[PDB]
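*Asks:* so I've got this experimental structure, pasted below with the sequence.
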Amino acid sequence: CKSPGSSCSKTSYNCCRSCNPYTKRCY
């Protein structure tokens, strides 16, 4: 996956945790 704060987005589900669209980063 990516970091638990990696700059994800809406389609980026590469977070082992999840993607926060408020921070555009993973929770």
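*Replies:* Received, thanks. Numbers count the residues shown, from 1 in each chain.

*Asks:* contacting residues for the nearest residue to residue 2 once chain neighbours are set aside?
*Replies:* Closest residue to residue 2 apart from its sequence neighbours, by C-beta to C-beta, 6 or more residues apart in numbering: residue 14 at 4.6 Å. For every residue, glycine as well, the C-beta is placed using N, CA and C. For residue 14, the contact set (C-beta atoms under 8 Å, 6 or more residues apart in numbering) comprises 1-2, 6, 8.

*Asks:* most neighbours, which of those residues?
*Replies:* residue 8 (23 neighbours; other C-beta atoms under 10 Å).

*Asks:* just the element for that residue, please.
*Replies:* Here residue 8 is covered by no helix or strand, with elements defined by DSSP states H and E.

*Asks:* that one against residue 27, yeah?
*Replies:* No: in this structure, residue 8 is not within contact of residue 27 by C-beta atoms under 8 Å, at 9.4 Å.

*Asks:* tell me, what's touching those two both at once?
*Replies:* 15, 19-20.

*Asks:* where exactly do the strands run in this structure?
*Replies:* Ranges of strands within the chain are 19-20, 25-26, based on DSSP state E.

*Asks:* would you mind giving the ones you listed as JSON lines with mean neighbour count added?
*Replies:* Converted to JSON lines, these look like this (neighbours: other C-beta atoms under 10 Å):
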{"stretch": "strand 19-20", "mean neighbour count": "17"}
{"stretch": "strand 25-26", "mean neighbour count": "20"}
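
*Asks:* which residue sits farthest out from the middle of this structure?
*Replies:* Distance from the C-alpha centroid of the chain, by C-alpha atoms, centre = their mean, peaks at residue 22 (10.1 Å).

*Asks:* that residue: what's it in contact with?
*Replies:* So residue 22 contacts nothing (C-beta under 8 Å, 6+ apart).
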